[PDB]
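Coming up is one lone chain in structure tokens, specifically the form deposited in one PDB entry.
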């Protein structure tokens, strides 16, 4: 069947790199042009790329066998032996980490809870700080199935070793660059987003993280290439690829007035033809329509023409 897209407005979608609603839609030529995001990455042929999961509830989360050890002048140190979030065995493969593992950098506050298997399971919840790296002193290796976090504690917290699930709570020193996946060694990655024709730039679906400092918290933007509903849509379909990209139109849902035409490249990112130097935001209450298959060289109309 011809490729189509769900007729879902961006503002009703789920973000694919931080587990929150989509709030924004924009282009911004000041930002890095060809990011190496590992979540929110899908091929139009239905292949999840990088660490991208099907479920939005997996985004920026992990599951693990946890071992806790107290360290004088630090507190409780957690060694997490990763598993996939469905409880299946993690095996180092053709992606950087377990499905949904964070694909950005900074110090992530995680809430860790006892695995839930049946009604009446006793649960303990502990909040840890996890340095995602790269840092000159970070030895994270999620690719090998081994990561670390710590919680400041004067004495032992009497934590119980066992299977856990970790969810993200806040970020400190956010940087939108890949974390330390493999102890400073090379790791299989989804390739950078791109390439773009001359004058094309990445369309961004934006949400906001809680970013903390000593006494304050503030919203911090994080972008993804597709909403999680488009990720799960392509993975659920097995569309026959007929060319190199899909020409889309983003339309006012009532009036059908065209806001812009864009190219969904088969490798799962959208391009607009925009040569402004400033950010250009879009209304989030439009919808994308698939017009046709087009080649890589298809020249889009400039945004505003």
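Think of the rigid core as the biggest set of C-alphas that the two forms share within 1.5 Å after superposition. Numbering follows the first chain given and starts at 1.
Although not depicted, the form deposited in another entry is the subject of the following passage.
Q: Among 123, 186, 155, 160, whose C-alpha is off by 2 Å or more between this form and the one not shown on a rigid-core fit?
A: Per the superposition, the moving residue is 123.
Q: Against the rigid core, is the Cα displacement of residue 218 between this form and the one not shown at least 2 Å?
A: True for residue 218: a C-alpha shift of 2 Å or more.
Q: Checking residue 114 here: with the core superposed, does its CA move 2 Å or more between this form and the one not shown?
A: For residue 114, whose C-alpha is compared between this form and the one not shown after core superposition, the shift is 2 Å or more.
Q: Considering a change of 3 Å or more, are the Cα atoms of residue 128 and residue 117 closer or farther in the other form than here?
A: Their C-alpha distance shrinks by at least 3 Å in the other form.
Q: Since the Cα-Cα distance for residue 21 and residue 116 shifts by 3 angstroms or more in the other form, is it a contraction (closer) or an expansion (farther)?
A: Between the C-alphas of residue 116 and residue 21, the gap widens in the other form (3 Å or more compared with this form).
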